[PDB]
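Read the structure below first, then the notes.
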Amino acid sequence: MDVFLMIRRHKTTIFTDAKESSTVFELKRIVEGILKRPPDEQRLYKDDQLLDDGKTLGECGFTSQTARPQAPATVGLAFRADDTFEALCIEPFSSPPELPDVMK
Amino acid sequence: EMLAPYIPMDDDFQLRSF
Amino acid sequence: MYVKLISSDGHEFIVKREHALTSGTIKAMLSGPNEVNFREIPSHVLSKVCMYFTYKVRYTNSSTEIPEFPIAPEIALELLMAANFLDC
Amino acid sequence: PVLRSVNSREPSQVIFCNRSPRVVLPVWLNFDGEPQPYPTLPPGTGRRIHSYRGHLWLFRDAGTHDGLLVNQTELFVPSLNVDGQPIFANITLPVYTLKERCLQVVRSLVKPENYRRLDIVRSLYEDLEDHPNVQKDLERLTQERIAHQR
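Residue numbers (the deposited numbering), protein chains in the order written: chain A, 1 to 104; chain D, 560 to 577; chain B, 17 to 49, 58 to 112; chain C, 61 to 210.
Structure, rendered in structure tokens:
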């Protein structure tokens, strides 16, 4: 059915979902509506693997069972530059403190 | 006599969803 | 359509407006007739919160088997105060 | 008591299906509307049950009594079997509020006598101490029942 994702670049994380049958290209469209960047200026990744515009999210490995509402799949995002290469960079979230003793 | 529920006592079964 | 939530360390979480209304606190803030500052909530907590929005919207009034909403022990307290604060 | 089983003496074959990640405790409300526990169901398991038409059942997490749903509602009532067709009681988790879910996790890790040693806003100590209770639930479902009957 639907796949639930987290599209991330730097310190930005987009929470969204799409049909497992929809394409990487259509996903780029969703990103464009939010970050105002054309699909041909976007790079989407599943880990370190660049995702081809033509493949469906299912063919990329994003399945309802691997990308659920409570644990969305991470989609890496990088933007194109005029004459420079922007390395895929997802800033890590913060970390919680030590688990209190009474909870150990 | 008031008849209360009771278990036949058979082999429980796994739900394939799991 | 979408609303932007900012965590304490500067991460920005962009979520569908409808999903964000899962939060009573946010819902009351957005009626009138978007960017919201939640700088007292860390990114590791706020990310989980957004996942809850998706979860809630996807599974309410749903006949399918509902998966457990996972909460790691180390974030329980913070998430609890956040949930209490965001009323969801 | 408005909430209670009827002594119909009319057998109804039921099948409890624990489609939740919890150990499920099926609770039968007897003829006086009193809660009676039955053998628990391990996560993702099913079991055949000989109940009767008009009996009431509710289900909770065996160890915490957190509320659960059966066929998406609070109560399950066996009906007469249509053509040897068993009646299904699909037990699932409800969509808990984020707050309730966090309260569950905390309660499962900290001993009650320690709740107050936690560094959280005062109000939450009481919320933690107010753990799910079947009796209170019945009283609540009772008044909810009365409202839905004007």
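Idealized CB from N, CA, C, for every residue including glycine.
| field | Alpha-carbon spacing of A122 of chain C relative to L21 of chain B, whole angstroms | value | 38 Å
| field | Own chain partners of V74 of chain C with C-beta closer than 7 Å, once the 5 adjacent residues on each side are dropped | value | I109, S111, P138, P146, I147, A149
| Under a three-way DSSP split, which group does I65 of chain B fall into? | coil
| Rounded C-alpha distance that separates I14 of chain A from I30 of chain B | 5 Å
| field | Segments assigned beta strand (DSSP E), at least 3 residues, entirely inside the stretch 92-146 of chain C | value | 95-97, 105-112, 116-121
| request: Sort C:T152, C:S183, C:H191 by Cα distance to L128 of chain C and report the nearest one. | output: C:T152
| query | Which of the three DSSP states, helix, strand or coil, is assigned to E28 of chain B? | reply | strand
| message | List, in chain order, every chain B residue whose beta-carbon is nearer than 7 Å to that of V155 of chain C. | response | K80, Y83, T84, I90
| Cβ contact check for the stretch 72-85 of chain B and the stretch 1-21 of chain A: 3 or more pairs under 8 Å | yes
| query | Could you give the residue range of the alpha helix (DSSP H) that holds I30 of chain A? | reply | 24-35
| query | From which residue to which residue does the beta strand (DSSP E) around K43 of chain B run? | reply | First-last for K43 of chain B: 40-45, but that is the alpha helix (DSSP H), not the beta strand (DSSP E).
| In the structure shown, what three-state DSSP assignment does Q195 of chain C receive? | helix
| query | Just to confirm, are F93 of chain B and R120 of chain C a CB contact at a threshold of 8 Å? | reply | no
| query | What three-state label does DSSP hand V66 of chain C in the structure shown? | reply | coil
| What does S87 of chain B reach in chain C if we use C-beta pairs closer than 8 Å? | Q132
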